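One chain follows as structure tokens, the form deposited in one PDB entry.
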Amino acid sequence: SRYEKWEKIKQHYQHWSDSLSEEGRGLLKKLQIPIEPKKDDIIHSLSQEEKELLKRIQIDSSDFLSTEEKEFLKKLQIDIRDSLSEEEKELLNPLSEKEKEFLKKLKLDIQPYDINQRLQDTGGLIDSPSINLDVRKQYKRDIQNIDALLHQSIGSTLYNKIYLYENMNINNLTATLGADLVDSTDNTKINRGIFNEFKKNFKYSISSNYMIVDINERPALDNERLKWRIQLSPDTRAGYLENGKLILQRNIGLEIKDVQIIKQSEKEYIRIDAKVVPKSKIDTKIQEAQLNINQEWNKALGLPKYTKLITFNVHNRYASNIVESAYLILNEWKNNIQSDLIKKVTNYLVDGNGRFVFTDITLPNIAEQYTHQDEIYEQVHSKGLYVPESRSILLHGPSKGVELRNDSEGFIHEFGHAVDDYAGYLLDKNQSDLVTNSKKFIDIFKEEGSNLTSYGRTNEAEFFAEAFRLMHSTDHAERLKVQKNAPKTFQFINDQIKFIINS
């Protein structure tokens, strides 16, 4: 019975609920309902020129903000444009230098106080210098206090009598597969192929924030196609939340027991059955996996066995896929790029203590970035990233890059940046730079810069990287388009590759 179960669990935590302080309650409420930034105050704090700038700016054109930072700026833009005319509003590409630098500093002032979000973004590494220091300390105090509140386990009586539930948006786990998981012809069906890709490498899950689950399964909203059914362990700590819900302790492990396609009210959903395990159990599987993929690829690249090249920075709910997808990504990388170029460049990265960082936490919270990027407004979150100061490639699992078909296409783009780096280094080892800053390629970019992908138009660095990406696509047509639409760039990259190999 739904209601008896609800009552039985509520009574279990009843003394706990009654014992909560006024501070404890407010803290628990703050967690469920994050404190949003005050739009009025933000807009008021802008200058007249900055308002006009924010008013006309194409927000989606950015490539360093999060989906949530973009969503807020969109709302901020609306309030700005309100006072305008009806005809003018109807009227209202990469960003200009002026625009980009403005958004970069503006993102510092649009951060909501969201404890769960901070935990997921950092994967628990809450000391990461990706937010204001004072806010960071407020988060630490709140999280520690919440950990203290959640001291009562579910019990050895209830843990195997109850299932708890969670509806989830597919884009939470993976934006890439989420775009094509629902059948395009029939919205009520799941694409059997994509469902297989999703199901195959999903064996375990990690929660670095506090899961808020339903005691009783509620019908999914239209964006929710994932129906988690969770069984807790006896010593899993939790707390009762009003309207039949439970707040779970952070840092729990979840073994994926079964993933099925089910029908609820004449529509297909994905059932994910999970069992709570000690997180350390999962972390061991991850660490063992990292030890393995490094051994396989050190040999394959002729690197010493003790070389730490590939890093798994995994802390979130689609954990196992981040690990398993890494194999598939590097396989494609090996297939579509000549071995000598790969070895030469990888050795350069290893000589700089560089890493291949595969992660499900946001890239500003990766040490390989933030150690060389003190300024938050310069910190970038994106699908992928190359950091020359650390000689590191960063690849963010859950997200989706612009006009990419897969993660492997993203990684090759980033390897392109490393090629851009090494080649510029070989030209002048004393004063190392990027070949894309050479007068030659700058002229090539001034001419052919718009002939490839839209994103390639950003700058000479990204252009080189996009060209390099398409030159090594599995699609032969794409490789030819570069040769035909940007022949100078085509030869320029080929020259660098030869020069690198012959070095």
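Residues that one form lacks are left out of the comparison. So that there is no doubt, residue numbering starts at 1 and follows the sequence shown. By rigid core we mean the largest C-alpha set that fits within 1.5 Å across both forms.
Annotation: residue 83 belongs to the positions left without coordinates in at least a third of the other compared entries, with flanking residues modelled. Modelling of residue 401 is complete across the other compared entries in which both of its neighbours are modelled; not even a third of them leave it out. Unmodelled residues of the deposited sequence between neighbouring positions residue 92 and residue 93 number 4 to 9. In this entry, 287 to 295 shows the higher mean Cα temperature factor of the pair 287 to 295 and 205 to 213. The question of which stretch, 144 to 152 or 82 to 90, has the higher mean Cα B factor is settled in favour of 82 to 90. Within the listed group 58, 32, 459, 454, the record reports its top CA B-factor for 58. Residue-level inspection of the entry shows that, of 97, 134, 421, 255, 97 has the top Cα B-factor.
Placement of the Cα temperature factor of residue 365 within the chain: lowest third of the modelled residues, per the deposited record. When the modelled residues of the chain are ordered by their C-alpha B factor, residue 312 lands in the lowest third.
Ranked against the other modelled residues of its chain, the C-alpha B-factor of residue 484 as given in the entry falls in the highest third. Among the modelled residues of the chain, residue 229 sits in the lowest third by CA temperature factor in this PDB entry. Per the PDB record, residue ranking by Cα B-factor puts residue 116 in the lowest third of the chain.
The next section is about a form of this same protein that is not shown, the form deposited in another entry.
With the core fitted between the shown form and the other one, just one of 375, 288, 258, 71 shows a Cα displacement of at least 2 Å, namely 71. In a rigid-core overlay of the protein, residue 453 has its C-alpha displaced by under 2 Å between the shown form and the other one. Residue 58 is among the residues whose C-alpha shifts by 2 Å or more between the shown form and the other one once the rigid core is aligned. Once both forms are overlaid on their core, the sole residue range between the shown form and the other one with Cα shifts reaching 2 Å in three or more consecutive positions is 58 to 79.
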